[PDB]
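Each remark here refers to the structure printed beneath this line.
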Amino acid sequence: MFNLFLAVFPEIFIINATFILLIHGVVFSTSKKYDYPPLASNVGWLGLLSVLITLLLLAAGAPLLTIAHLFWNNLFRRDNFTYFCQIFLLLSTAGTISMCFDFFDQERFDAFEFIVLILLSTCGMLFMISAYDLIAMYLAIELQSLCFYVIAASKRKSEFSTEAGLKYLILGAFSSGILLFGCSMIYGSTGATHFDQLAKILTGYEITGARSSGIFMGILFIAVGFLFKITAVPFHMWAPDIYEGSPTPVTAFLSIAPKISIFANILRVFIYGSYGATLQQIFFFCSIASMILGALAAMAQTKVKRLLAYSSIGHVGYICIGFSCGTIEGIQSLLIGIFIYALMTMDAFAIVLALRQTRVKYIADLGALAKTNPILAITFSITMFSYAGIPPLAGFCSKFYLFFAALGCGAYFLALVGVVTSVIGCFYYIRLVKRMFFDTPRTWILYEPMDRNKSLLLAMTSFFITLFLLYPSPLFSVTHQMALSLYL
Amino acid sequence: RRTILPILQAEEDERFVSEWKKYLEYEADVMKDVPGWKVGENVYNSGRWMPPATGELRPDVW
Amino acid sequence: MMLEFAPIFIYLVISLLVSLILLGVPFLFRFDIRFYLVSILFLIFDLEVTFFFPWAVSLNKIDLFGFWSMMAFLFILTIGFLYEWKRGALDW
Amino acid sequence: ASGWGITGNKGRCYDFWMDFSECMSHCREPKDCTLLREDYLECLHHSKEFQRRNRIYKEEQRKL
Amino acid sequence: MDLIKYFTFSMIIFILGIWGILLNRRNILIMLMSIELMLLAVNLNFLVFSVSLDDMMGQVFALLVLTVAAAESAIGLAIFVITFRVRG
Amino acid sequence: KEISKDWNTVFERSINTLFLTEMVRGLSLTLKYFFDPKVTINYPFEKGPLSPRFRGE
Amino acid sequence: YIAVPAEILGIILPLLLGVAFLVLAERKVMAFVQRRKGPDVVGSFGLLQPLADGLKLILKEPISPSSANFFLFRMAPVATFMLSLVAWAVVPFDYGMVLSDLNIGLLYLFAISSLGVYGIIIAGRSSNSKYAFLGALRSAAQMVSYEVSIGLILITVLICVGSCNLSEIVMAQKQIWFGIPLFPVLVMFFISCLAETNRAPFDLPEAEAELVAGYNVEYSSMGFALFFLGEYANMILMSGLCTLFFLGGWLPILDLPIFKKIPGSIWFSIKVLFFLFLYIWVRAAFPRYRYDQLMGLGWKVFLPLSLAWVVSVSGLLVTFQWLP
Amino acid sequence: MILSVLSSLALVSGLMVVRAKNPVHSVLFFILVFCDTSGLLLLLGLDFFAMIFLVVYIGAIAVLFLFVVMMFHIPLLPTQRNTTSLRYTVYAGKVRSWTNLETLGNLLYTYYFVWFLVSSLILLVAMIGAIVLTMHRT
Amino acid sequence: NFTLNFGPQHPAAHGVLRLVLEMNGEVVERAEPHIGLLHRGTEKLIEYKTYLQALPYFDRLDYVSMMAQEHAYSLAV
Amino acid sequence: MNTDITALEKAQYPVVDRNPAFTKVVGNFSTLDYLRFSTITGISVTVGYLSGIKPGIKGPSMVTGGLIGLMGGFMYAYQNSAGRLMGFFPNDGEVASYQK
Amino acid sequence: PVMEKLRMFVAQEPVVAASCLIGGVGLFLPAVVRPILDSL
Amino acid sequence: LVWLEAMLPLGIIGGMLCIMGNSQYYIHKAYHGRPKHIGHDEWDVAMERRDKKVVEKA
Ligand SMILES: CCCCCCCCCCCCCCCCCC(=O)O[C@@H](COC(=O)CCCCCCCCCCCCCCC)COP(=O)(O)OCC[N+](C)(C)C
Ligand SMILES: CCCCCCCCCCCCCCCCCCCC(=O)O[C@H](COC(=O)CCCCCCCCCCCCCC)COP(=O)(O)OCCN
């Protein structure tokens with residue numbers, strides 16, 4: 001009876017710790033004895049400890065978590081792919097929550113509900129990766145969606161935060177409605193909400209032999225909703241505004257934690273529920289458009305957060321290249337690109353949060369940064385080059401293997417567009433470089449020193465980026481095992 | 001109620017077979033041209049029989 | 001089994017007619033947040049009632065499992081309501 | 001497909017789906033018993049029966 | 001033929017909600033009603049499909065969708081009243 | 001610091017404030033007067049008492 | 001199938017005259033509690049007083065400019081009155097003395113009660129006043145708040161019987177009423193029905209709405225009276241709900257097979273009028289309750305306690321396998 | 001014919017929702033859309049959902065919207081000559097026939113109980129979010 | 001903030017009471033009563049009448065404690 | 001309810017009590033399980049104390065961290081003990097204990 | 001000890017303490033009494 | 001004794017409450033010939049339909 005729950009401890013524990021943190025915060029934030037203490041950093045440290053403990057629980061249950069798989073079959077199906085995806089998403093969440101501690105006390109934002117909502121959205125993401133049915137898929141999407149709608153509008157003094165939160169709300173609600181309408185007809189035309197039986201009724205007959213106007217258009221609507229979820233061009237109506245308006249730690253959690261889970265979800269849907277080979281076309285054109293428009297639009301931006309938003313869109317296109325070529329190498333390149341992009345995004349947002357102590361807004365404020373803090377300047381330049389794809393760094397390997405996967409399937413146009421978009425993409429990255437090493441403005445902005453957690457995370461990520469090409473075997477082997485575990 | 005239905009099911013079967021042979025002789029009557037019509041056959045390739053479908057979803061509530 | 005709603009429809013039509021004939025006799029002669037908060041709490045604690053309704057009726061069929069799942073649901077909403085209570089937003 | 005009926009007895013198409021799934025459980029090529037898949041699909045919607053009745057009504061109509 | 005009528009009615013409600021949310025970029029109130037209309041249309045799709053197939057996975061998920069609809073409406077009006085506090 | 005912290009008396013007070021003992025005691029008083037004879041007088045037939053010193057017409 | 005309208009009229013007209021005589025009973029009982037007589041001159045014992053009141057209200061000029069869109073103000077009384085009547089289409093008086101036989105008929109009652117909030121809201125909004133609308137909104141918030149306690153108590157009742165059908169609920173009370181074990185739950189349900197109709201010490205929202213304004217709004221002569229009629233019909237309905245659920249709906253109270261001459265149709269009516277008498281007693285025995293503490297009470301002493309009662313009933317029934 | 005007029009009136013109300021002149025009338029037509037939808041579900045044979053639509057949509061969501069608005073201002077061909085008499089009724093299964101409520105509760109809290117707890121977590125997210133944003137308490 | 005006014009006619013406010021008060025929406029911030037609605041003019045009338053003719057004015061001042069004011073006037077005399 | 005605890009990937013190691021009761025696996029805690037439980041609880045308590053000095057809540061933070069650490073360490077120890085009995089873990093001790 | 005604080009809490013909040021007591025009874029009956037009567 | 005005057009309006013409203021039910025009961029019995037069943041399930045409506053058909057045939 002109780003031992004049938006050995007496969008859900010990494011989630012039951014995080015829920016219980018979330019409840020304990022919420023209770024402790026609400027009890028001791030209104031105590032007159034301590035005079036309404038600012039227990040946001042306390043709740044944040046306890047939440048980081050809880051995330052570490054549930055990561056330890058998840059890591060040591062590799063032989064476990066596959067028991068009572070018949071009992072849990074209707075609800076979720078977790079396997080080697082799900083195990084690694086969860087163990088990486090939880091690490092990303094831990095890093096994000098760790099690098100935002102100074103944000104709580106530097107600008108006096110002691111709202112512990114931020115941390116509990118991070119934790120609960122992370123629980124929703126952990127549900128999403130294990131989700132193996134349309135209903136659980138949609139519910140796990142909605143958990144993180146509502147958590148982020150609440151969190152984005154948390155800072156209720158700036159017109160950017162509120163308007164960005166409202167735009168995110170409306171766009172996410174429309175995307176969720178589109179996706180749910182898509183799932184409704186796939187249920188209607190076949191029954192069989194479960195993924196296991198959805199991958200068996202559609203494999204029997206190809207879409208070319210006979211045309212089913214329900215399943216095809218439901219699959220199309222599901223794909224459209226998912227592309228809205230990851231903000232893939234042309235479904236990028238407000239994403240730069242969302243990333244600019246939202247608070248910096250929120251945007252740090254976004255574009256890493258949500259995208260990983262949504263991409264795992266899209267992998268599960270694409271591999272099983274798609275046998276008509278009609279999602280190759282929708283991913284093809286949309287990824288090409290994302291590549292081109294991200295490369296051509298990030299060069300015209302003068303702020304920092306908008307540039308990171310458009311770089312995220314471009315990297316989403318680069319990763320989506322892997323969906324068009326459906327092979328083991330394509331999925332391997334996709335997952336490796338996701339991993340490298342997650343590390344580089346964490347490093348870049350650590351940079352942005354570091355200069356947030358003095359309210360950095362534009363790209364010209366970080367002028368002559370090689371004089372005040374040379375080592376931070378070097379770190380930022382290295383991270384920017386890693387974004388660019390320069391060979392002697394991580395990020396070049398991901399683009400390399402994505403191009404290899406694209407050429408493996410004979411999508412020769414994908415390789416050419418990838419090359420040209422990379423060529424333009426590196427240009428404005430180097431443009432960012434010039435204003436930060438070479439030309440010195442008349443007025444210099446002075447940045448106060450950083451704290452230990454952000455510095456440690458930044459140093460670890462910087463040494464990972466530079467020295468990745470020396471020893472990349474473990475990542476490649478993890479990714480090859482994960483790609484094959486979708487079937488066996 | 002479980003010791004009463006075999007006779008009610010029996011009379012329902014009688015009525016249904018009466019209506020079914022009437023409809024079969026009606027269908028064989030209209031279709032004498034266009035050779036290739038096998039009159040009444042099981043559309044189920046497995047051979048299992050189910051009641052004739054009607055385009056009225058949930059009819060047993062009104 | 002569901003023909004018993006047409007009487008409701010006819011009753012509603014006749015009640016509307018009676019209301020009309022009752023109203024026609026003489027003829028023939030700024031913002032508060034607390035309101036939003038109480039509405040939200042009502043919505044949240046009305047969804048739980050809509051969830052309770054299938055649980056109570058079918059509680060016989062399900063022993064020691066549905067009961068404990070509903071108890072976990074109640075515990076989650078009780079944690080929510082406890083956070084509601086201490087934070088304020090519940091008194092005027 | 002799931003097997004939980006509305007009235008509380010069983011899905012009217014559950015037996016056909018289970019027969020199809022059992023055939024596919026030991027058939028590495030889907031073409032061998034695509035007949036069962038067709039039976040399950042047209043058990044959901046009754047497409048073929050409705051087409052036949054449409055043909056009957058067309059034979060009625062052409063007599064004009 | 002009633003399944004066709006049901007599906008067409010729900011689809012027209014869906015496209016009408018899309019129409020409502022697309023036109024007025026500023027109302028911010030009609031958008032929420034249009035989103036609710038979209039959710040309503042999808043709920044009717046699920047329930048009608050569940051009745052037609054005599055399968056129960058349609059009504060369970062339709063009932064669960066109401067929680068999402070209510071939560072989205074609550075958060076939407078919270079953000080709306082926060083936004084309105086700035087102006088006027 | 002007004003305190004009533006005793007194991008026995010906390011139970012006694014927490015019951016009176018929970019079973020509406022004061023409300024019931026104030027409610028049963030009106031029912032006593034419900035069955036009691038009334039004090040009114042039908043004016044046109046019975047007049048209220050006066051005094052020889054009354055000041056009228 | 002043409003027999004329905006006769007039943008509809010037979011349910012409607014006695015309800016209206018019962019509302020009139022319930023107003024008369026209110027006046028008379030409050031008079032007797034305060035050592036008075038109340039309306040006695042008209043009729044024999046005041047029995048013709050409501051008729052005189054009605055004929056007086058009709059024979060007056062109607063103040064109906066409505067100072068507004070002319071539509072929303074005339075539809076609010078219609079909506080509240082039709083709702084307070086349609087809530088009566090499911091009550092199982094004795095055995096076949098029920099108009100509609102809904103297989104749920106309880107979640108239906110909850111829905112109908114919850115829908116009876118828009119009437120007062122649009123009445124307040126349509127009535128162009130800066131305080132009447134606000135008072136109507138506070139009253140709506142009060143009813144909305146006590147709806148959840150009503151629903152939890154309904155769930156408590158529904159757990160024991162096991163089916164939503166109202167007739168089966170009374171059928172399940174052959175052994176005991178459900179009022180003997182659930183007496184705290186019965187008190188809670190009475191207080192919630194008392195506070196959800198603004199007919200209680202839980203009254204202040206509307207009481208101050210007239211004190212500070214005097215109803216200097218578009219006050220129709222007897223078009224406004226439909227609110228009063230609907231409120232008293234709701235009084236009667238929520239008086240009968242308590243004797244449907246917690247008391248025996250029509251079963252004899254404490255009876256040996258001797259007093260079988262009387263039918264079950266009056267066993268219901270006697271309990272209904274007893275609960276109405278309790279309503280009047282509570283009104284004329286307690287002082288009014290402030291809205292500041294009204295909301296706090298309704299949210300902090302009834303929701304947690306009713307939830308605890310739900311939990312305890314469910315746990316006790318499950319433990320000993322006493323479910324339906 | 002009951003379905004056609006009800007669907008048409010619902011469609012008209014939904015159309016007037018998005019092209020309304022003032023938010024009050026928009027919400028008023030928004031209520032009528034769900035009223036007609038619940039009637040349509042009632043015709044479909046699902047009484048439970050038809051009344052949950054009153055309890056939730058026009059019971060709490062419509063009230064919430066109104067509160068916010070107040071302040072801050074292949075088909076089978078119709079030929080049926082020989083089909084109304086070809087209805088085969090299987091009497092087995094009519095004995096001990098569950099309703100729309102017993103069947104739903106049989107498997108909502110027992111087999112698919114994870115999704116139920118996910119919906120609970122969604123409700124908790126909504127409850128927390130409505131408080132963090134809007135507590136001015138000045 | 002709005003400034004609504006009292007003056008209810010039922011005897012709740014003991015009648016003849018006019019109260020113009022400013023509230024903060026729900027909480028009153030300042031109440032300014034407007035007395036003078038019952039200024040008969042007794043003080044001016046007493047001067048025109050004998051010490052005995054002026055006694056019944058004192059019954060009409062505080063008309064729930066009629067013999068209390070007569071007591072004060074008699075003691076003064 | 002119908003419960004079947006059968007792992008997709010079978011245990012590579014000998015299995016004892018394929019469905020172990022809660023009390024027995026709690027009673028199967030070895031010295032390593034107690035050590036890891038203790039170190040997890042101690043780390044959690046230390047983090048709770050250290051973090052909650054700036055807000056001033058030094059004791060309540062300790063208690064919260066202690067509760068979190070107790071729950072996490074107990075879950076980890078139970079998982080290890082179960083996987084040992086289920087056979088997923090090296091379990092060289094109670095396989096010998098089973099024989100005698 | 002905890003008894004003083006618990007009793008002071010019960011004195012100040014009667015409804016919350018009563019609700020907790022009844023809920024604890026209703027949760028203790030099926031979690032403790034039920035297994036011991038299951039085994040007769 | 002003296003308090004019966006207050007109970008007369010209660011008696012009137014109770015009597016009209018009981019005739020409320022009795023009216024619809026007598027109307028339904030008059031034309032249908034039977035009182036209304038407490039539980040109408042699909043099985044009960046199925047036998048009602050079949051009984052109507054067999055009575056019509058006979
Ligand atoms: C049991 C099920 C779960 C129950 C909890 C679930 C809900 C979560 C609630 C978590 C928050 C609860 C936090 C409050 C608990 C009581 C707080 C407390 O005990 O601290 C007391 C007293 O506590 C202590 O003194 C010692 C307590 C800590 C020592 C024990 C550490 C915990 C060890 C392991 C945890 C227990 C074992 C695991 C559970 C069995 C107050 O001391 P101070 O006021 O800080 O001291 C004076 C401060 N000043 C100088 C400024 C005036
Ligand atoms: C014979 C047939 C009669 C049928 C009618 C039923 C009787 C109706 C009698 C009604 C008479 C009184 C009506 C007055 C109406 C207004 C009174 C409300 C006052 C009120 O709400 O007080 C609250 C307590 O009420 C409550 O708590 C009430 C709920 C009762 C709780 C249960 C009490 C015992 C529980 C024991 C359970 C035993 C079973 C365990 C297995 C808390 O008042 P406060 O404000 O001072 O509190 C401080 C917190 N801010």
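Going through the structure tokens in order, the chains are called A, B, and so on, while each chain numbers its residues from 1 and the ligands are numbered from 1 in the order shown.
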
Within 10 Å of chain L, which residues of chain F show up when using only C-alpha atoms, listed as an MDAnalysis selection string?
chainID F and resid 34:38

Can you tell me, as a count of residues only, which residues in stretch 74-291 of chain A count as helix (DSSP H, G or I) by DSSP?
161

Around ligand 2, out to 6 Å and counting only C-alpha atoms and all ligand atoms, which residues are there? I want them as a list in words.
residues 17, 18, 19 and 23 of chain F; 184, 186, 187, 188 and 191 of chain G; 22 of chain K

Quick one: residues within 12 Å of residue D:38, only C-alpha atoms counted, chain neighbours fewer than 3 positions away excluded, as an MDAnalysis selection string?
(chainID A and resid 190 201:202 204:205 210) or (chainID B and resid 43:46) or (chainID D and resid 16:17 19:20 30:31 33:35 41:48)

Please identify every polymer residue within 10 Å of ligand 1, using only C-alpha atoms and all ligand atoms, and present the set as a PyMOL selection string.
(chain A and resi 16-28+33-34) or (chain C and resi 79) or (chain J and resi 41-42+44-46+48-49+53+56-71) or (chain K and resi 2)

Save the residues we just selected, C-alpha atoms, as a PDB file, in the first residue's frame?
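What landed in part_2.pdb:
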ATOM      1  CA  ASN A  16       5.182  19.024   2.003  1.00  0.00           C
ATOM      2  CA  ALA A  17       8.199  21.333   2.250  1.00  0.00           C
ATOM      3  CA  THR A  18       6.309  23.957   0.237  1.00  0.00           C
ATOM      4  CA  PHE A  19       3.415  23.741   2.696  1.00  0.00           C
ATOM      5  CA  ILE A  20       5.764  23.954   5.688  1.00  0.00           C
ATOM      6  CA  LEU A  21       7.507  27.001   4.217  1.00  0.00           C
ATOM      7  CA  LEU A  22       4.186  28.709   3.500  1.00  0.00           C
ATOM      8  CA  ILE A  23       2.967  28.038   7.048  1.00  0.00           C
ATOM      9  CA  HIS A  24       6.215  29.249   8.623  1.00  0.00           C
ATOM     10  CA  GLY A  25       6.303  32.407   6.520  1.00  0.00           C
ATOM     11  CA  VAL A  26       2.681  33.347   7.117  1.00  0.00           C
ATOM     12  CA  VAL A  27       2.960  32.622  10.851  1.00  0.00           C
ATOM     13  CA  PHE A  28       6.182  34.545  11.455  1.00  0.00           C
ATOM     14  CA  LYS A  33       7.154  39.740  19.052  1.00  0.00           C
ATOM     15  CA  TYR A  34       9.721  39.972  16.242  1.00  0.00           C
TER      16      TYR A  34
ATOM     17  CA  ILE C  79      -3.429  25.238   4.356  1.00  0.00           C
TER      18      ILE C  79
ATOM     19  CA  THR J  41      18.721  16.629   9.900  1.00  0.00           C
ATOM     20  CA  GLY J  42      21.812  18.374  11.261  1.00  0.00           C
ATOM     21  CA  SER J  44      18.892  21.310   7.811  1.00  0.00           C
ATOM     22  CA  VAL J  45      18.932  22.576  11.408  1.00  0.00           C
ATOM     23  CA  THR J  46      22.217  24.415  10.846  1.00  0.00           C
ATOM     24  CA  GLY J  48      17.694  27.044   9.474  1.00  0.00           C
ATOM     25  CA  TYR J  49      19.641  28.657  12.307  1.00  0.00           C
ATOM     26  CA  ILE J  53      19.446  35.525  12.132  1.00  0.00           C
ATOM     27  CA  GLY J  56      15.711  37.813  14.010  1.00  0.00           C
ATOM     28  CA  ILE J  57      13.669  34.596  14.151  1.00  0.00           C
ATOM     29  CA  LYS J  58      16.475  32.335  15.358  1.00  0.00           C
ATOM     30  CA  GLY J  59      14.516  29.560  17.080  1.00  0.00           C
ATOM     31  CA  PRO J  60      11.431  29.189  14.876  1.00  0.00           C
ATOM     32  CA  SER J  61      13.703  28.950  11.836  1.00  0.00           C
ATOM     33  CA  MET J  62      15.601  26.192  13.645  1.00  0.00           C
ATOM     34  CA  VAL J  63      12.355  24.306  14.269  1.00  0.00           C
ATOM     35  CA  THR J  64      11.208  24.682  10.653  1.00  0.00           C
ATOM     36  CA  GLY J  65      14.560  23.492   9.333  1.00  0.00           C
ATOM     37  CA  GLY J  66      14.467  20.603  11.781  1.00  0.00           C
ATOM     38  CA  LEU J  67      11.027  19.518  10.584  1.00  0.00           C
ATOM     39  CA  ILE J  68      12.105  19.717   6.940  1.00  0.00           C
ATOM     40  CA  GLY J  69      15.305  17.797   7.639  1.00  0.00           C
ATOM     41  CA  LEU J  70      13.531  15.138   9.686  1.00  0.00           C
ATOM     42  CA  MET J  71      11.017  14.544   6.901  1.00  0.00           C
TER      43      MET J  71
ATOM     44  CA  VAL K   2       3.111  23.065  25.913  1.00  0.00           C
TER      45      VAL K   2
END

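Within 12 Å of chain K, and counting only C-alpha atoms, chain G contributes residues 184, 297, 298, 299, 300, 301, 302, 303, 304, 305, 306, 307, 308, 309, 310, 311, 312, 313, 314, 315, 316, 317, 318, 319, 320 and 321 of chain G.
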
Selection near stretch 8-11 of chain B, 9 Å with only C-alpha atoms, sequence-local residues under 5 positions removed, as a PyMOL selection string
(chain B and resi 16) or (chain H and resi 89-92)

Output as a ChimeraX atom specification the set of chain A residues within 12 Å of chain D, with distances taken over only C-alpha atoms.
/A:74,187-206,210,212

Keeping only N, CA, C and O atoms, write the selected residues to a file as a compact mmCIF listing (two decimals), in the first residue's frame.
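out16.txt was written with the following content:
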# COMPACT_ATOMS: atom_id res chain seq x y z
N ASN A 74 -2.14 4.96 -15.65
CA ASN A 74 -3.13 5.91 -16.14
C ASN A 74 -2.75 7.34 -15.81
O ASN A 74 -3.19 8.27 -16.50
N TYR A 187 -9.14 13.61 -28.78
CA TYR A 187 -9.96 12.72 -27.96
C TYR A 187 -11.24 12.32 -28.69
O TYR A 187 -11.66 11.16 -28.64
N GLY A 188 -11.88 13.28 -29.37
CA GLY A 188 -13.16 12.99 -30.00
C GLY A 188 -13.06 12.00 -31.14
O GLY A 188 -13.91 11.11 -31.27
N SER A 189 -12.04 12.13 -31.98
CA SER A 189 -11.93 11.30 -33.17
C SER A 189 -11.37 9.91 -32.88
O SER A 189 -11.49 9.02 -33.74
N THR A 190 -10.75 9.70 -31.72
CA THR A 190 -10.19 8.39 -31.40
C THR A 190 -10.47 7.90 -29.99
O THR A 190 -10.16 6.74 -29.70
N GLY A 191 -11.03 8.72 -29.10
CA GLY A 191 -10.95 8.35 -27.70
C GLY A 191 -9.49 8.37 -27.28
O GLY A 191 -8.66 9.11 -27.82
N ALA A 192 -9.16 7.53 -26.29
CA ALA A 192 -7.78 7.18 -25.99
C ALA A 192 -6.94 8.43 -25.68
O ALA A 192 -6.02 8.80 -26.41
N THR A 193 -7.30 9.08 -24.57
CA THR A 193 -6.51 10.22 -24.10
C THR A 193 -5.09 9.80 -23.75
O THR A 193 -4.15 10.60 -23.92
N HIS A 194 -4.91 8.58 -23.27
CA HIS A 194 -3.59 8.11 -22.84
C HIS A 194 -2.61 8.11 -24.01
O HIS A 194 -2.98 7.80 -25.14
N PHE A 195 -1.36 8.48 -23.72
CA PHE A 195 -0.35 8.55 -24.77
C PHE A 195 -0.01 7.17 -25.31
O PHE A 195 0.23 7.00 -26.51
N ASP A 196 0.02 6.16 -24.43
CA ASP A 196 0.39 4.81 -24.86
C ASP A 196 -0.59 4.28 -25.90
O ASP A 196 -0.17 3.70 -26.91
N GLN A 197 -1.88 4.49 -25.68
CA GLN A 197 -2.89 4.06 -26.64
C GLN A 197 -3.14 5.07 -27.74
O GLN A 197 -3.77 4.73 -28.74
N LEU A 198 -2.67 6.31 -27.58
CA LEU A 198 -2.73 7.27 -28.68
C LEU A 198 -1.64 7.00 -29.71
O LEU A 198 -1.84 7.27 -30.90
N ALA A 199 -0.50 6.46 -29.28
CA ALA A 199 0.59 6.11 -30.17
C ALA A 199 0.36 4.79 -30.88
O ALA A 199 1.15 4.42 -31.76
N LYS A 200 -0.70 4.06 -30.52
CA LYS A 200 -1.00 2.77 -31.11
C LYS A 200 -2.17 2.82 -32.07
O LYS A 200 -2.20 2.02 -33.02
N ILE A 201 -3.12 3.73 -31.89
CA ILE A 201 -4.22 3.88 -32.84
C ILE A 201 -3.82 4.71 -34.06
O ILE A 201 -4.42 4.55 -35.13
N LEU A 202 -2.81 5.57 -33.94
CA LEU A 202 -2.37 6.39 -35.06
C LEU A 202 -1.27 5.74 -35.88
O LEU A 202 -1.11 6.08 -37.06
N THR A 203 -0.50 4.83 -35.29
CA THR A 203 0.54 4.13 -36.04
C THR A 203 -0.03 3.13 -37.03
O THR A 203 0.69 2.71 -37.94
N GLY A 204 -1.29 2.73 -36.87
CA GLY A 204 -1.84 1.69 -37.72
C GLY A 204 -1.96 2.11 -39.17
O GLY A 204 -1.63 1.34 -40.08
N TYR A 205 -2.42 3.34 -39.42
CA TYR A 205 -2.69 3.80 -40.77
C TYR A 205 -2.07 5.18 -40.97
O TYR A 205 -2.24 6.06 -40.13
N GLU A 206 -1.36 5.34 -42.08
CA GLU A 206 -0.72 6.61 -42.40
C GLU A 206 -1.74 7.65 -42.84
O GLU A 206 -2.82 7.32 -43.34
N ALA A 210 -5.31 7.60 -46.21
CA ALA A 210 -6.63 8.18 -46.04
C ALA A 210 -6.53 9.38 -45.12
O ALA A 210 -5.70 9.42 -44.21
N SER A 212 -7.93 11.96 -42.35
CA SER A 212 -8.80 12.21 -41.21
C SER A 212 -8.68 13.68 -40.84
O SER A 212 -7.64 14.11 -40.32
